[PDB]
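Presented below is the structure to which this report refers.
Number of protein chains: 2
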Amino acid sequence: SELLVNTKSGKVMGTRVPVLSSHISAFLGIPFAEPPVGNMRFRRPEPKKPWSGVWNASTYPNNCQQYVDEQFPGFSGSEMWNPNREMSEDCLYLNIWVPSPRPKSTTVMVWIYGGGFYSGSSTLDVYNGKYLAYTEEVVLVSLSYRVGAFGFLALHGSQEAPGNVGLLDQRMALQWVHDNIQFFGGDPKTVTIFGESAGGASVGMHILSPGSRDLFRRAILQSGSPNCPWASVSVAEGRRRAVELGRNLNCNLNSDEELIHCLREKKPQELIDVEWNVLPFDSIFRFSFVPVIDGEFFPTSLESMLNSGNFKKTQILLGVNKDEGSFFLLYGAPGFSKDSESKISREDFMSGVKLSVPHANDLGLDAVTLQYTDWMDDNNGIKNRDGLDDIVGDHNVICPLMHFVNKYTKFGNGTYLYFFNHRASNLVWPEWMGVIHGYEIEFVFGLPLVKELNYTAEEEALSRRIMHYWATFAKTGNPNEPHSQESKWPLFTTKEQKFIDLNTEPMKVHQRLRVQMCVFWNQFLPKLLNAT
Amino acid sequence: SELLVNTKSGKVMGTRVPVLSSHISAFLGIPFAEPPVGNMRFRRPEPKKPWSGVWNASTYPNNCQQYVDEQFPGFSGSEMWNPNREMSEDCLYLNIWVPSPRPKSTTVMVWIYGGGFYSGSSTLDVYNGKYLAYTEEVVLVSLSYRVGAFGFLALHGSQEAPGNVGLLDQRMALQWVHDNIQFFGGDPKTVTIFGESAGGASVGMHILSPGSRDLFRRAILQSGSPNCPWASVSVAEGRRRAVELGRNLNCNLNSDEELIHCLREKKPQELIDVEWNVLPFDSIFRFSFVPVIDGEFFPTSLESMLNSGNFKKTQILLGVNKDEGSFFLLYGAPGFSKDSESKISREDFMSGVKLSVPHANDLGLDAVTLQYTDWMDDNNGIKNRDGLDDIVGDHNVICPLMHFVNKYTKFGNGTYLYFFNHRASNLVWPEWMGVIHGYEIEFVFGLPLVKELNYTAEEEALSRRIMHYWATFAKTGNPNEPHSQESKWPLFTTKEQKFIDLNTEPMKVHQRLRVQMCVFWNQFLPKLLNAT
Ligand SMILES: *[C@@H]1O[C@H](CO)[C@@H](O)[C@H](O)[C@H]1NC(C)=O
Ligand SMILES: *[C@@H]1O[C@H](CO)[C@@H](O)[C@H](O)[C@H]1NC(C)=O
Ligand SMILES: *[C@@H]1O[C@H](CO)[C@@H](O)[C@H](O)[C@H]1NC(C)=O
Ligand SMILES: *[C@@H]1O[C@H](CO)[C@@H](O)[C@H](O)[C@H]1NC(C)=O
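Same order as they appear, the protein sequences are chains A and A'. A prime marks a further copy of an entry chain. If you're matching positions, the first sequence starts at 4 in the deposited numbering and goes up one per residue. If you're matching positions, the second sequence starts at 4 in the deposited numbering and goes up one per residue.
Pasting the structure below:
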């Protein structure tokens, strides 16, 4: 039976699902780890004990326990990102969409969801892999991993809550794919991991980490890179936050054992309820429990790994969206609202940059302000708003990614860079937010091919072209069709540093993506903060 | 006799001089101080002892002892600035051009020459006052003052070489004008002092200094302001340079008395020959002997005087040229030559900014570099050249002047700001230098009205219009004709900060002259250098 697959962990039974007036198979909720519950909370995951009988994989698994956005109740713009399944600590499962008839050995793509390491689900509608599996004939996998304290509480030295367990969850799922995807018709030698934001940073982290490098072939990073300022913390900061989490729950803080034991008796929601109280600064785009530079998963600091070429050498395709910061200003900066144009006064601008670069002294705050202020028209509310939008985007996503790509390209086997700047015609978020963080995903997953969703014809064409770039790159290491007649997405090189825009207009090649601003964020400001 | 004038110092005999096919009187070489020779060198000037008989004022006086530019022998571009008279320490004289017939009580304008405080002459061809006196019917005076060590050697505490004596020379000449210009038909109650560069900074210094404020009515500053980085030094730095001058001449350095006595036995050329060896840094646009913040001529630091309104409150008219820095890069920055386009490589750019901001640490040098580098086209030789040109101009002239004007305007009775950007059609200097430092002077003095000089008709029209702005401002405190039909030069206000361009095209009003760059030079960099 096409819906029955025998894996090394036991038999699995899928379900036939319709897609663009055809059908493919879907194996949903396949367990790849023992449930990380009870005394296993904060612990490294354990391999799923094989099972007898047939595992029913016809429905989506639970979503991991996570903070839930309630800023705009009933608003689809924000709720499409929330868990659409019951939450549970028993959440380590993966989903596979397989073309029909079942391929013998085709390209595999494993999606790693984003969500700032504190949220995210593999079951969201924008992550439905059927359109991509079907349209590009690839075996599409979406994995899951613990987020929040459950996935990243870090007390270095302790083996009970070592930190990074959420990354190890991803690695185990990549191990299961490496070990079993052949039975679903996928080529374990041709798997591409791809993800957005924290998912994009995770992808980069698996490229860096010696222990994950052999489990995949190529990588795609969307609006995230491993060296992002919000993507990791030192073991000292991780410890300080775990202890502070404990203090918020009236825990005994005499020892890691006492703290860990106390945290394990608390119900999930108790940890989620005080999660945000541990941040060291009043900030925006900073999350409580994220990966820690532990000396294990990451042998040394990310920067020295990038400088010495200590990472997997392969091809990568990555990029960013035009207005990466608007989401975070809307949720946490004074003066921004969902229903107004959000014109920003100098006062709110100043408050905004303080929130955006939490770790900066006054001189640093001044350098940023000068760098983004048009002093010939300083009280212009639109410029202040857009300037703040660029500051958050540049500091948090674009410049860190540009630094990663420039360092990677020196040792890699091929880099393709994009700049996604098409605002979807049916976006429910206000205009001022522009091309929002996370809104290229719907084009990568092919939603614009679904008539009922209301995208234009050019938006379907764009989605088809992006899906074909991603899948062709996954298969060959190059997003371009060998002897095609379409315009070529040029390779990014250390010298020419080319990139393309990704929108409904005719391809246009550019160079040095935001260099002016990134020299400021990557070279000048850090030097300024270190000296002062 | 129209050429005979009886002053409080004695009788003077002028000479009739032709001008644009007419004639006016000229009284040249009138002494206003005792010759500052012998034991008087470095000393405050003394009032000229009255003389019996008639002083022959038909020819130009000697020029003060000064370094002489020999960079381009025979080249008029540079030699027009050199002394065109025999040099001598006996050089304190003034020149007066009087309309004919002799006015009874007209507007007086006193010109103060520039030359970085180390050079300059009242007798240069570009300073010929006959065209302005004749065309605008004003009594035009040009004074002189000691430069170099002779005018500014400073050993604070000593009364033998107190420093600032060159400024006191100017003040004495302004005193003589106040006391005697009535006899030449000038109104001592309506004198405007105006000057360029060091002359412009001197004008501003007389506005600040309590002891000079009552000697004039209004002021005009061209490409110079009192707070310029090269226009003054602390008493400590002045002392350090005087001592170092002494060391270069094998002087006894045990006491000020020993040093001063030794320096007084040396011939003029001996001091001039080692003058440049005392600068503390390898620099450009820095001069050895300049005014010192002594607590006397300047009661307190210039900045606190500007902040508290401690200065003469009146009307001022001032401005800058488009390419103030090219002169100094040509003479001292590697990669610039008179006969080539002077395209600059990154290496020479980096050497240039180091030379341009001598007092900056590495972080400061980086902030400047980032601020003026187009990182999208960093190896562009023209951009590097023009960028260096702007750095020198902004740091040394424009931003210091913009800081002065903004501080002055808060307490003054009227400010008129200009931006002179017309490159003369007959300029002998290369094109890359643009609108050079000091080349608006020829338009202020009316040379374009002299056919043989070869200016276009529009250049004559521009010169006529500038002369009429300067003279009308001198007479009334406003460069505009009351009920004229011509476009109005708007007042510069704290709020709107308006200014005009000065060129052959129709007047065009602008706002916030180079704010972006001046916020960097006036607010950010100083803060950065103080913090680091
Ligand atoms: C698989 O389990 C789900 C759980 O609700 C159920 O809806 C579905 O009918 C089951 N299918 C089979 C064949 O057991
Ligand atoms: C990738 O590696 C192959 C073989 O090592 C080499 O032939 C090719 O030039 C490389 N491509 C790039 C873009 O580095
Ligand atoms: C004034 O003195 C100068 C000095 O050379 C001389 O040329 C001129 O003829 C003299 N005129 C009179 C009237 O003495
Ligand atoms: C200058 O002062 C006069 C009298 O004090 C006043 O009437 C006038 O408004 C002032 N002008 C400016 C521009 O400050």
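Think of the CB as a built atom: it goes at the ideal place given N, C-alpha and C, for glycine as much as any other residue.
Shown here for A'/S91: same chain residues with a beta carbon closer than 6 Å to its own, the five before and five after excluded, namely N65 in chain order.
The contact set of A/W378 on chain A', defined by CB atoms closer than 8 Å, consists of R515, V518, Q519, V522 in chain order.
In this structure, the straight-line span from the alpha carbon of A/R515 to that of A/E499 is close to 8 Å.
For the 8 Å CB-CB criterion, A'/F35 and A'/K51 form a contact. About 7 Å separates the beta carbons of A'/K410 and A'/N310, which is inside the 8 Å limit, making them a contact pair. Checking the 7 Å criterion, the Cβ of A'/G417 is within range of a heavy atom belonging to ligand 4.
A/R19: member of the beta strand (DSSP E) spanning 18 to 22, first to last residue.
The closest CA to that of A'/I27, considering only A'/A245, A'/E140, A'/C254, is found on A'/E140. Apart from sequence neighbours up to five positions away, the residues of its chain that approach A/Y472 with a beta-carbon distance below 6 Å are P482, ordered along the chain. Our two residues, A'/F446 and A'/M470, have alpha carbons roughly 7 Å apart in a direct line. Checking the 7 Å criterion, the Cβ of A'/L420 is out of range of every heavy atom belonging to ligand 4. Judged by DSSP in its simplified three-state form, A'/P34 adopts strand.
The beta carbon of A/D397 does not come within 8 Å of any beta carbon belonging to chain A', so the residue lies off that interface. Closer than 8 Å to the CB of A'/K530 there is at least one CB belonging to chain A. For A/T62, the shortest C-beta to heavy atom distance toward ligand 1 is below 7 Å. Placement of the Cβ of A/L494 at a distance of less than 7 Å from at least one heavy atom of ligand 2 is found.
Runs of the alpha helix (DSSP H) lying entirely within the stretch 58 to 99 of chain A and spanning at least 4 residues, in chain order: 79 to 82. A'/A363 does not reach chain A, its nearest Cβ partner there being about 13 Å away, counting only Cβ pairs nearer than 8 Å.
Linking A/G189 to A/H181 through their CA atoms gives a straight-line distance of about 9 Å. The contact set of A'/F495 on chain A, defined by CB atoms closer than 8 Å, is empty, because the minimum CB distance reaches about 16 Å.
Taking all protein chains shown into account, A'/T459 has fewer than 16 neighbouring C-beta atoms within 10 Å of its C-beta and is therefore exposed.
Annotation for A'/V8: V15, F186, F187 place their beta carbon closer than 6 Å to its own, counting only its chain and skipping 5 residues before and after. For A'/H264, the enclosing alpha helix (DSSP H) stretches over residues 259 to 268.
Proximity of the beta carbon of A'/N87 to ligand 3 is not indicated: no heavy atom of the ligand is located closer than 7 Å.
DSSP, reduced to helix, strand and coil, places A/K192 within a strand of the structure shown. A/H486 sits exposed, since fewer than 16 C-beta atoms from the chains shown fall within 10 Å of its C-beta. A distance below 6 Å between beta-carbons, with the five flanking residues on each side excluded, links A'/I275 to the following residues of its chain, in chain order: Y70. Among the residues facing chain A, A'/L420 is not included, as its CB has no counterpart in that chain under 8 Å away.
Our two residues, A'/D504 and A/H440, have alpha carbons roughly 45 Å apart in a direct line. Contact annotation, A/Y116 with A/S103: C-beta distance approximately 25 Å; criterion of less than 8 Å not satisfied. At a Cβ-Cβ threshold of 8 Å, A'/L95 and A'/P39 count as neighbours. Contact of A/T535 with chain A' by beta-carbon distance below 7 Å involves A534, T535. A'/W114 has A'/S145, A'/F197 as its beta-bridge partners, per DSSP. Within the same chain, and ignoring the five residues on either side of A/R289 in sequence, the residues whose Cβ sits closer than 6 Å to its Cβ are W233, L282. In this structure, A'/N59 has its beta carbon less than 7 Å from a heavy atom of ligand 3. For the 8 Å CB-CB criterion, A/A60 and A/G17 form a contact.
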